[PDB]
Structure formats: structure tokens, C-alpha cells
Ligand SMILES: O=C1NCc2c(-c3ccc(F)cc3F)cc(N3CCNCC3)cc2N1c1c(Cl)cccc1Cl
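In the authors' numbering, the protein residues as written are 4 to 351.
Structure representation (C-alpha cells):
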């Protein structure tokens, strides 16, 4: 009793989808795949349909696709990108080679919103609240986003926020080189591989975002990895003895000690006019030592968010088994595991 599919050429590739999806209009492409906007006649919703390109071309790719689908199926939260539907036009595992993921249509990311709009302290309050609320949910399931940026944050007419880009292929060395927004929001420990990063890498990204919404300027627009580290240490001060020991990369630890020591700056003189409560939260977020960095849960209980905070409406996730991350399998096995996931999908 599987739906009947109809084919059509879109984005140079042939799209085969269930009849419920009508008026497919391409709205972007890339190496990630191909995305289309469409009307879902079953729910009446406006949705975004993503078709993955050669999802099983290599073991690395087969695993990536499995990882993305697992993540997307686990996410059931208001501020996190959920999955509305997932399908393949294949009737058997042998035919299986195309995977389509359906989700809400948000329309724009944080870069758009900020551009043609002036964010008040209440605007910033509300937007960051939602990010934190979604990160509390992500982190409680031991999931790390690793790449929060304004472009991974979707916002709609009602300023409702959703976190995107999970299990997406890591950025190449050529992608994080130079004067690029793909590196300005990263935590230093992972920009320069000082140690094994933990979930607080995300909190650092949030602070960079919050400061940008508050000042309307990139907090650390480095022209390269070094220049960016310098801008970072200028604001939060050079590392202390404690942090240094934690840096595994002895060449890294050796480079830091070469820079002239510098004290943390006064955030009230950096963020002039800003709500003193925002400044306080920024100081507890932009801490060099990730061990002393504020957690998403703790941040939600911070006075700056009093107007929205509600401990009974900030849900955690169910357990997310990612033992598969250390599992060594062949393409066909990753693929077979991806197939089971597609066919066991249960609409929300
Ligand atoms: O509104 C949405 N909805 C979904 C959506 C997905 C997506 C994620 C998971 C999935 F299962 C299927 C998807 F389609 C992926 C991207 N990117 C495209 C590739 N790079 C990352 C964002 C953008 C969007 N946008 C979006 C759009 Cl259509 C325009 C502007 C801003 C946003 Cl946030």
C-alpha cells in the first residue's frame, strides 16, 4: 500500500516523489544534494524536500547518510529541525539508491533576518533562548552540533527558530582557510585541534552569535586561523597554566607560550550600551577553557532569559545510541542499515 510516485526532471536530476508532494520548485543546490520547496497535500504544510546525491558511493558516504538519517529521525523538538517524512521510490533493498528527506519550510536563515531588520534586546533575548533550548535538547542526548553558525539557524515570519545541519559532511581544510564565516564561529580548541573537544564547543558558537546580533558585527572575523586566534585572545586573555596542561598538541601548547600574555578585556567596555545581563551571559559563554564554560541548561536559568525561561517547558531528549560511530562496516551494510531506517519511519 505504498504511495504512487511521479517522476520529473529537476536540478538536472530526476526526482521521483509521492503524489502528495506537488509544485516542486528547486530552491538551491550543492555537493550536499539538491533541495526543493513543495506543497504537501496531506498536511497542508509548505515543506522542503532534500534529495541526497550518490548517498552510497563510498564507505565514508554510506556511513555519512546513515548518520544524517539517524540524527534527523531522533530530533523531536520545537527548536530543532525535525523530520516530517523520508522515502525512496525503491520497492526492494536491491533497487535502493536514492534517499529523500522532507522537513518544514522555514524560508530563511539568521543572516537574512538580521540584514533587513533591527534586533532589539528583546529580539536577541528570544532568538538565543530558542537556540539554547534546542541545544539543551541536543546535548542531553550526547549529540554535539559542531558547527553552529547563523546560516544553520532557520527563522520564520514569527521569529520561531530551528537548528539545522546535522550529520552533514565535515568541512574541508580549503573550506576553513582565510577570511571566511565558516571558521569565525568555531571554538579555538577545535579550530586549532588543541584537545578532544566536547559539547561546549557549541556554547562558544552561541556567544559569537549573540554578540553579533547585539553589535551587528562579526565578533572574531579573522583573516586566517592565526589572525583569528589573536582576535580571540585579545578579548578573553591568553591561556592560564591550567588550560595549557589540557592542550595535547605540544606544538600548539608551544605556540601559545610564544604569544605575549594578555589579560581578559572588560566586556562592558567592549559591548557598550548592551543590557548588563547580556554582557554577563556573554562572559560566562566566551571562556577559553571549555571546562569552565557555561552549559546550555545553566544558561537557560540565567536572569537574562527570565522573560522566557520555564523549567517545565525545556525538554530533554530520549537516549540516542550512537555506538554505530565506532562500528566498522562495508558499504552494503551501512546501506542496508539506512534502508531499514527509511522503511521503519513513523510520520509524526
Ligand atoms: O526552510 C528550510 N527548511 C529545510 C532546509 C534544509 C533541510 C534540512 C533537513 C532535511 F531533511 C531537508 C531539508 F531540506 C536544508 C537547508 N540548507 C541548504 C543546504 N545548506 C544548509 C541549509 C535549508 C533549509 N531551509 C531553509 C531554506 Cl529552503 C531557505 C533558507 C533558509 C533555510 Cl534554513
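For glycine and all other residues, C-beta sits at the position ideal for the given N, C-alpha and C.
For residue i, the three-state DSSP class (helix, strand or coil)
i: residue 9; result: strand
i: residue 31; result: strand
i: residue 22; result: coil
i: residue 90; result: strand
i: residue 329; result: helix
i: residue 323; result: coil
i: residue 156; result: strand
i: residue 293; result: helix
i: residue 2; result: A query on residue 2 cannot be resolved here, the shown segment of the chain reaching from 4 to 351 and no further.
i: residue 349; result: coil
i: residue 17; result: strand
i: residue 309; result: coil
i: residue 299; result: helix
i: residue 103; result: strand
i: residue 249; result: coil
i: residue 127; result: helix
i: residue 183; result: coil
i: residue 79; result: coil
i: residue 211; result: helix
i: residue 55; result: strand
i: residue 40; result: strand
i: residue 111; result: strand
i: residue 165; result: strand
i: residue 171; result: coil
i: residue 218; result: helix
i: residue 65; result: helix
i: residue 343; result: helix
i: residue 148; result: coil
i: residue 223; result: coil
i: residue 199; result: coil
i: residue 254; result: helix
i: residue 176; result: coil
i: residue 270; result: helix
i: residue 70; result: helix
i: residue 243; result: coil
i: residue 232; result: helix
Residue i and residue j closer than 8 Å at C-beta
i: residue 99; j: residue 338; result: yes
i: residue 319; j: residue 140; result: yes
i: residue 56; j: residue 37; result: yes
i: residue 349; j: residue 216; result: no
i: residue 351; j: residue 87; result: yes
i: residue 241; j: residue 265; result: yes
i: residue 110; j: residue 159; result: yes
i: residue 262; j: residue 207; result: no
i: residue 232; j: residue 291; result: no
i: residue 142; j: residue 302; result: no
i: residue 31; j: residue 83; result: no
i: residue 234; j: residue 223; result: yes
i: residue 342; j: residue 13; result: no
i: residue 336; j: residue 73; result: no
i: residue 128; j: residue 308; result: yes
i: residue 51; j: residue 40; result: yes
i: residue 195; j: residue 228; result: yes
i: residue 156; j: residue 112; result: yes
Contact test: residue i Cβ vs ligand 3 heavy atom, cutoff 7 Å
i: residue 41; result: Ligand 3 is not part of the structure shown, which contains ligand 1 as its ligands.
Nearest-angstrom Cβ-Cβ length linking residue i and residue j, presumed shorter than 8 Å
i: residue 225; j: residue 187; result: 7 Å
i: residue 204; j: residue 293; result: 7 Å
i: residue 44; j: residue 10; result: Not a contact, Cβ separation roughly 18 Å.
i: residue 25; j: residue 42; result: 5 Å
i: residue 46; j: residue 59; result: Contact flag wrong, Cβ pair sits at about 29 Å.
i: residue 18; j: residue 53; result: Contact flag wrong, Cβ pair sits at about 11 Å.
i: residue 209; j: residue 151; result: 6 Å
i: residue 250; j: residue 153; result: Actually they do not touch by this definition, with Cβ atoms about 29 Å apart.
Inset, instruction - Give a yes or no on contact between the region 167-184 and the region 139-152, applying the rule of three or more CB pairs nearer than 8 Å. - result: yes
Inset, instruction - Take every Cβ of the region 282-300, pair it with every Cβ of the region 102-116, and state whether three or more of those distances are shorter than 8 Å. - result: no
Inset, instruction - Examine the Cβ distances between the region 178-187 and the region 129-142 and report whether three or more of them are shorter than 8 Å. - result: Short answer: they don't touch.
Inset, instruction - Could you tell me whether the region 266-276 touches the region 115-128, where touching means 3 or more Cβ pairs closer than 8 Å? - result: no
Inset, instruction - Assess, as a yes-or-no matter, whether the region 306-323 is touched by the region 68-81 under the definition of 3 or more beta carbon pairs within less than 8 Å. - result: yes
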